[PDB]
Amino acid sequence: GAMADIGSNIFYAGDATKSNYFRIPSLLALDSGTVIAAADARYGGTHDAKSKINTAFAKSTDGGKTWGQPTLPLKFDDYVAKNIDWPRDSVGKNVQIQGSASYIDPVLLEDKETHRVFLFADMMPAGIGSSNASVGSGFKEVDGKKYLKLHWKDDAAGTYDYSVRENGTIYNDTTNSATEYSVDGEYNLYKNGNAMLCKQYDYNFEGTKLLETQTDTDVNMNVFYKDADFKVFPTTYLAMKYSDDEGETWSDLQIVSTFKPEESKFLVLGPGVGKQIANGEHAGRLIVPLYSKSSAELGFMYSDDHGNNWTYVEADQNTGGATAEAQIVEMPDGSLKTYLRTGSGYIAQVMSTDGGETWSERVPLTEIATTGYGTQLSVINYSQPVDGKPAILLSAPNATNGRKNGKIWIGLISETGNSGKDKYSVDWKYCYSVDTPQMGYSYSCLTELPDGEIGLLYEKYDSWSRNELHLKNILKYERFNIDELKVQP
């Protein structure tokens, strides 16, 4: 590293998370000027779920110069958290942990009006990822109310005759009667008030074989685990916790995906950050992007009551389940513009004028080259005008083969003199090249730091390629002043 690269990683092999690998950056400057970040702590190489992944978190209280040790606010204990080198040979590289639960793909959002920070992540039961998730919500209705459903070990396969009801009391739904079992606020199981326990797994390679084996370490038996007497429906869930002390402590685990459509396979986060609307009637509305294999691809969840209740919106009718990861910016009057990945070989744009309740048709963005699978992008508002115009910024790779050639762009917003979704246009005037065109560049997250500089946390390799799996120390943090970025090539 150069002098300029000192301090250019927040999370790294050897830090407090005990992970050798990381992916999926999230970076967010708080209204206090505290700056925070989160990423996946991918213990089992860089694989997506199924695997063993916890959500890591870290804070800077000097404007994003300096970063404290990381914490793990969303973590599962069914398999141990340890530093391990994942094989990168031609056979071993493909091997994933088969039996762990996982938190994956974070989103950070602050409510400025209460000063509350929300951390969201996808929540995967044991041995589950997007690709083997079962179709369904994971909840049942009993007399109209939604309860998390559960499979007792000695019931028939696919049979969920039990539910988590008030106080965490587990009920038998065929008889409608409370059992002697319950869950606590961590979703750990209890029998007649006693903590139920199971053996933690360790994982070790012998050659290219991954041996997942019990240790003698006891942990709390959790309904998300492979070895639980009661087990959740094996679909994807949305998890959230909030903090009122800038990440010093977290609230109890929330499973917020009660709205998961019954016809959906997966419903997951567009990682990065969410948005709080600043202007218009709905200033203070919290909105978070989602996508699904369902009736719809692109979706959102929003809250009008400071995060207590969330509404799900579908933004299209696509049943294809493409990887429609999105990030959202706001126009000067409070309307919203969302940029998203597609499975169509371009980045797309959609608009809402009612604060995220309804969305226009997808409009391709021709300025940026991408692959047919796409990559996640980061888009943010900037608080200072640029050339006297309102400004947004976009980070993304810029190539048609591979994840490489990262740019940061500056888009200047103009009134076109038209009414609805057509009220504004974006001039992508500036395009800054992060590195040499062949250097890898995948997922990224921008934030505006309190001094008006731009922070960036990004994947400095190609995270799609099967030949760049299981690299260490590829999550890079850089800072730029706005004049550096005002490049026209």
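In this text, residue numbers run from 1 along the sequence as written.
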Using only C-alpha atoms and the B-factors in the entry, which stretch averages higher, 324 to 332 or 198 to 206?
198 to 206
Quick check: 420 to 428 versus 24 to 32, which has the larger average CA B-factor in the record?
420 to 428
Just grab whichever of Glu361, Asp105, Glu297, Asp184 has the top CA B-factor as deposited.
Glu361
Considering only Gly388, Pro397, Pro234, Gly129, which residue's Cα atom bears the greatest B-factor as recorded?
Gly388
Entry-reported C-alpha B-factor of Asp62 relative to its chain, by third, is highest
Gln376 CA temperature factor, ranked by third within the chain:
lowest
Compare the C-alpha B factor of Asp462 with those of the other modelled residues in its chain, then answer lowest, middle or highest third.
lowest
Taking the C-alpha B-factors as the PDB entry records them, is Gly455 in the lowest, middle or highest third of its chain?
middle
What third of the chain does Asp122 rank in for C-alpha temperature factor, lowest, middle or highest?
lowest
